[PDB]
Structure formats: C-alpha cells, structure tokens
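See structure below.
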Amino acid sequence: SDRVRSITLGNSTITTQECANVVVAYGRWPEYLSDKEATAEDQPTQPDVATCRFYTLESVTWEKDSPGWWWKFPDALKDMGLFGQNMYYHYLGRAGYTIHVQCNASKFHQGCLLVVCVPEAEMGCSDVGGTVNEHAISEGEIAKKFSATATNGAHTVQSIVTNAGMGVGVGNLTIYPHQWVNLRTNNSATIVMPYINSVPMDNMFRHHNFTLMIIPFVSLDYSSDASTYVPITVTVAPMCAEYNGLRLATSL
Amino acid sequence: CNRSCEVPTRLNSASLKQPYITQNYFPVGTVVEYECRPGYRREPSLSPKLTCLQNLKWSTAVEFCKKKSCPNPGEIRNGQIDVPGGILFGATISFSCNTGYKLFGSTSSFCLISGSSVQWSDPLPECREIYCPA
Amino acid sequence: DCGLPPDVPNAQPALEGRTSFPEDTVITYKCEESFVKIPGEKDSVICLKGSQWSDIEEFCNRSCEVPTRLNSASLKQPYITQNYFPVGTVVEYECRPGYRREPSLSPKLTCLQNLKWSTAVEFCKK
Amino acid sequence: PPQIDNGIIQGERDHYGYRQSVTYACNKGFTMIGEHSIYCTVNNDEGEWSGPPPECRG
C-alpha cells in the first residue's frame, strides 16, 4: 500500500503508516544554488547531515475549541543544533524543508486540520494604526496561537483565525502548499518546500521565508470515555542547506 | 604623589566588590573585581575584572553579568500577553482579552527582583465571557 | 451536650480525649497527610442548642511539597513563605549570591499533576 | 502487609508467600510517592517484605 512512507534525512528517520501523500510545494524539490544564479562570491558551507535532518518542535494540544497555531520557520529552528549555529555564524543562509505534521487519534475521534506552508505570510497588528513585535509573530519552537475572536492588543497580531492574520479568507489558504489531516483518514501530513524568495539567499534571522499554519476546520470531537488528549507534533528537516558570509555570531 | 585611573565607571549590571568599592587609588596595573547587581547573574565564560591600563583608562567592558530573566509569561485563555521588550529584569508585559471577553485581574506585570532571583510582580489575569442583555 | 462531631473527608477533628461536648464547644479540624486546607473556608464546628453540631463542608484539597532547596537560586516572595501549592501552581526563583541568571532559561517551577515540581534547569549559573 | 495512611491495599489476601506481591493505591486527592507494590522475600526460613510501602501525600 501507499499509506506507508519512510523519510530518511541525516541520522533521522520518520515512518508513517497512514500517509496521505507527499506534497512537493510547486512541483519543485529543494536544490542547491548554481553558478548561473548565485550572487555571493565566497565558497559556501554545505554541512548536509549536521543540518539536513529532522528536528521536532514542542507539541501542541488539540482541544475541542482550538483555533490553530503557526510557526515562522526560518526562525523556530535557531536552537536546533548545528542548523541554529550555522544560522548564527553566517550572514546568508538558504534551505528547503520537509515539514511533517503528526497527529494520531482513534477511529472514534473526528476532526480535520489544514496544514499550510504560506510563503511571506506577513501579518497585521491588532491595532490598525500600530505595528507588530517580533514576539507577536514568532516564539521560536513555541507555537503562536490563532484566536476564535478578534484580538485587541497593541503590538500583537490580529489572530482571529478566519482572517489568518493576513487579511484574507481562511478557506482560500488552499492556494498554498497544503495538506489535510482528516482523523478518519490520516495521522500525518508532509510538505516538501523548496527555497522560495525573490533572492537566491537571505539572512535567516531577518526574513521569515514561510509560515506553517495548522488550523482545525472541523473541530476535534470524540464521545466520552475516549482519550481527551490529542497532541500535534511538527518535525522539520532542512534540505540542501548552505550558508555564506561567515563572521562572529549574532547575539539576539 | 604618583599616578592612577579614575574610579571605575558605574555599571548597571555589576558593582565593585570590597575593598575596591571604597578605594580611589588605582595606579597602572590595578585589577578590581565586580559582582552582579540584583537582576543580573554571572556569565561564567567572561571575567568580572577590570585592569587599569597604561593610558590611565580601565580595560574594555564585557557582559560578565547578564540580565536575570523572568519565567515564561505563559498564556491567557481567550486573551493575549503583550511582551514588547523581552522578559528580563525590569521588563513590562501587559494583558488584554479577545473580543467578547472581559479582563479580571491585573492588566500588567513587571519582572522585579524577588530575593535570590527575579519574578513577575503579578499573576496572569483571567478573561471572562461577556453577556448581552436579555 | 453534643456527641461526636461530623465526619469531614480528609480532615480529622481535635477531640482532646473526650466524646461528649458541652454546648458552644468549638472543634477544629486539621487536614490529613497529603492535603492542604483551602484558604477562605471554615475548619471548625460548634455545638448548638438541641445537642446538634453546625454544618461543615470539605475544606481540604491537594498540593506539592515545598520546593526543594537549590544551591543556585532561592524562591522569590511570596512563594518563599508559602506551603500551599496545588496542581498548576507556578513559583519563581532568583539567583543566590555567587550565581547569575542564564537568560535563555526560565526560573520558574510548576507543580505537576503527580504532585511533583517540574524538571530543574540551570537558570542560575555560577 | 502494612497498611498506609490515605491509601489501601488492593484486594488484600489472607496469606502471602514467597515472591507474592501486595499492590497499594492512594485514595482520591492523594499523590503516590514510592513503589506501587511490594513483594515477599524469604531467607533463613523467615519472610520479610521487599521494602517500605509507598506514601500517599495530600
């Protein structure tokens, strides 16, 4: 059957026995930068095992009324071993990603999650005259939570889930690389994002290349005596990662 | 009469240890030692000492005492925590509730020194749903 | 005279060696082991007219032990004077002399559901 | 087997022989600290429990 899928990067393996498929974002696989497309002149670093491997973020708890969570993903991996260190010591860095969202339940639970990878998901403030903080849009490995109602806070994001913090229709988020975790069908989704930008490399501190959103469209439901705890794990493996512009380390 | 550096400049992160804190004679080659002020803790890889150099100035300052940080502020159900400048010693955070919820409790909190450490001044408030009239 | 005071779950009354209590006697209950009294609640009964005790409701509940002593950090006020730590209680530490904060680490401990404090990290370093 | 404050023995039996076990359980609202069960050791023709029963703390 094609419901089984193994993904091996570096010293890390993920098996899944209820794979939907693999979404390769725009039909393009991560690739290293070529000479016809490069602009930075020094020789790049390509660790390629030390950095291109699965990293697991902190889980989130799917409750019966969760609006959803997001991560700004070039960020969010800055404590992940040598990937984080190479982000710290270089001015430019570049990587694609394998995102794997894991959420298992029983055959008696019902729920549907949309897992989207939104490039340049620039967000708006709750005060429509104000601007956001970095803490408002990202928290590293910690997930940023959407809201079920309009938020009122200066320097915070408008995180009511129906607008996705982006001023759009949430139901249109399927234009981006996405999968659905249907509990009656799935327990894992996986998207393979290449590097997407208007430049060949960028600073991995300054620019959030993409946001991973996990939004429950159909709420988490189960009848009593069943497990009330359903977690959601995200596993991210950088891919074809390279770095340029080595100097002393940034101190956030 | 002979030479010396000025009294070491005041640091927000660290204070001179005894006996240097009472001294005013610091000829070339004098090494003083600091200890962390409340709100800060030692960065062990860095030296907490300054040397009086030959040009009558103290050596370069490094962050041998770094800010003591408060715990994770956590989360408010149906509300939000505004953290505008970090959660280190002296920081401020503020609380609000989403549309349709009313805040009960403190509207802000500060990272202040608490005995041996730093702690949040006030606990997380609560966001209570509102009712329309009948 | 009233007879034996009412049974209270997870609490024991101080009878002081007698079994018949004159009117207006006030008997206090103390929570049993692994239980903490709930602030703002009655812990005592009184023998009313007609040889009848006043009603009392359960006033004891759960908590973690006093947080263990750390050489690197001490509990901040008001936690340092407290002994009631029900599940979900978060205390905060500050560095003892000789130590300074490791800013990337939290100086807070949470009382978990198994009545133990969360894992200790070196939030105060030498 | 010894009884414990704020806990019970689960289905206590009349007689416990070599390597037989006694399982403890704390009452509602009490937290178990220690071994969930203890068992009968036997040496020099004398029985003895493997160790102290657990604590049930409030």
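Protein chains in written order, with our numbering: chain A, 1 to 252; chain B, 1 to 134; chain C, 1 to 126; chain D, 1 to 58. Don't be surprised by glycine CBs; every beta carbon is placed ideally from N, CA and C.
Residue i versus chain C: which residues are under 9 Å apart at the beta carbon?
i	result
D/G29	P9, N10, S34, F35, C60, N61 and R62
D/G58	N10, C31, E32, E33, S34, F35, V36, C60, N61, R62, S63 and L115
D/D5	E32, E33 and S34
B/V62	Here the premise fails: no neighbours, minimum Cβ distance about 13 Å.
B/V118	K76, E92, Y93, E94, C95, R101 and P107
How about residue i and residue j: are their beta carbons less than 8 Å apart?
i	j	result
C/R101	B/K68	yes
A/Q179	A/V4	no
C/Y93	B/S117	yes
B/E63	B/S15	no
A/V118	A/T156	no
D/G34	C/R62	no
residue 62 of chain D	D/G7	Nothing can be reported for residue 62 of chain D, as the shown portion of chain D is limited to 1 through 58.
B/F95	B/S108	yes
B/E126	B/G105	yes
A/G245	A/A20	no
A/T15	A/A237	no
residue 286 of chain A	A/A121	Outside the shown range of chain A, which is 1 to 252, sits residue 286 of chain A, and nothing can be said about it.
residue 187 of chain C	C/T28	No information on residue 187 of chain C is available, as it lies outside the stretch 1 to 126 that chain C covers here.
C/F35	C/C64	no
D/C40	D/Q10	no
A/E242	A/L77	no
A/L220	A/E18	no
A/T151	B/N98	yes
C/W53	C/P6	yes
B/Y40	B/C70	no
C/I56	C/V8	yes
A/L173	A/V116	yes
A/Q102	A/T13	no
Within 7 Å: the Cβ of residue i and any heavy atom of the ligand COA?
i	result
A/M239	As for the ligand COA, it is missing from this structure, which has no ligand bound.
Listing by chain order, which chain A residues have their CB less than 9 Å from the CB of residue i?
i	result
B/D82	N133, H135, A136, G153, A154, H155 and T156
Let me check one thing: in DSSP terms, what residues is residue i bridge-paired to?
i	result
A/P119	A/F210
C/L109	C/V91
B/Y40	B/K67
A/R5	A/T16
A/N244	A/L92
D/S21	D/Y39
A/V24	A/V192
D/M32	D/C56
residue 131 of chain C	It is not possible to answer for residue 131 of chain C, since the shown part of chain C is limited to 1 through 126.
B/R128	B/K102
B/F95	B/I81
B/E6	Answer by DSSP bridge pairing: none, since B/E6 is not bridged.
A/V181	A/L113
A/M239	A/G96
List the residues of chain B whose Cβ lies closer than 8 Å to the Cβ of residue i, in chain order.
i	result
A/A150	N98 and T99
So with CB distances below 7 Å, who are the chain C contacts of residue i?
i	result
B/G115	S74, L75, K76, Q77, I80 and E94
B/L88	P103
Whose Cβ in chain C lies nearer than 8 Å to the Cβ of residue i?
i	result
B/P125	The premise fails here: B/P125 is roughly 14 Å from chain C at the closest Cβ pair, so nothing lies under 8 Å.
B/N72	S106 and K108
Which chain B residues are close to residue i, counting only those with a beta carbon under 7 Å from its beta carbon?
i	result
A/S188	Per Cβ cutoff of 7 Å: no residues; A/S188 is ~26 Å from chain B at best.
C/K126	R42 and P44
Under 7 Å Cβ-Cβ, which residues of chain E neighbour residue i?
i	result
A/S147	The structure shown contains no chain E; the protein chains it does contain are A, B, C and D.
Fill in: Stretch-stretch touch, CB-based, cutoff 8 Å, three pairs: the segment 43-51 of chain A with the segment 202-215 of chain A
They do not touch, by the three-pair rule.
Worksheet item: Would you say the segment 3-17 of chain C touches the segment 119-131 of chain B, given that touching needs at least three Cβ pairs under 8 Å?
Response: No contact exists between the segment 3-17 of chain C and the segment 119-131 of chain B.
Worksheet item: Counting pairs of Cβ atoms below 8 Å between the segment 81-92 of chain A and the segment 225-234 of chain A, do you hit three or more?
Response: No, the segment 81-92 of chain A is not in contact with the segment 225-234 of chain A.
Worksheet item: Any contact of the segment 196-204 of chain A with the segment 92-101 of chain A, i.e. 3+ C-beta pairs under 8 Å?
Response: By the criterion of at least three beta-carbon pairs nearer than 8 Å, the segment 196-204 of chain A is in contact with the segment 92-101 of chain A.
Worksheet entry | Cβ contact check for the segment 54-68 of chain A and the segment 136-151 of chain A: 3 or more pairs under 8 Å | When Cβ pairs closer than 8 Å are counted between the two stretches, the segment 54-68 of chain A is seen to touch the segment 136-151 of chain A, the count reaching three or more.
Worksheet item: Is the segment 159-172 of chain A in contact with the segment 109-119 of chain B, if contact means three or more CB pairs nearer than 8 Å?
Response: These segments do not touch.
Discussion item. Contact between the segment 106-113 of chain A and the segment 190-197 of chain A is defined here as three or more beta-carbon pairs at a separation below 8 Å; is this criterion met?
Written reply: Touching, no, given that fewer than three Cβ pairs across the two stretches are closer than 8 Å.
Worksheet entry | Interface residues of the segment 93-109 of chain B facing chain A [CB-CB below 9 Å] | Here the close residues are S94, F95, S96, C97, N98, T99, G100 and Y101.
Worksheet item: Do three or more CB pairs link the segment 18-25 of chain C to the segment 110-117 of chain C at distances below 8 Å?
Response: No contact exists between the segment 18-25 of chain C and the segment 110-117 of chain C.
Worksheet entry | Members of the segment 89-108 of chain C that neighbour chain B once the beta carbon cut-off is set at 9 Å | So the list reads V90, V91, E92, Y93, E94, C95, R96, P97, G98, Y99, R100, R101, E102, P103, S104, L105, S106, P107 and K108, given in the order they occur along the chain.
Fill in: Chain-ordered residues of the segment 10-28 of chain B with a beta carbon less than 8 Å from chain C
Residues of the segment 10-28 of chain B that bring their beta carbon within less than 8 Å of a beta carbon in chain C are absent altogether.
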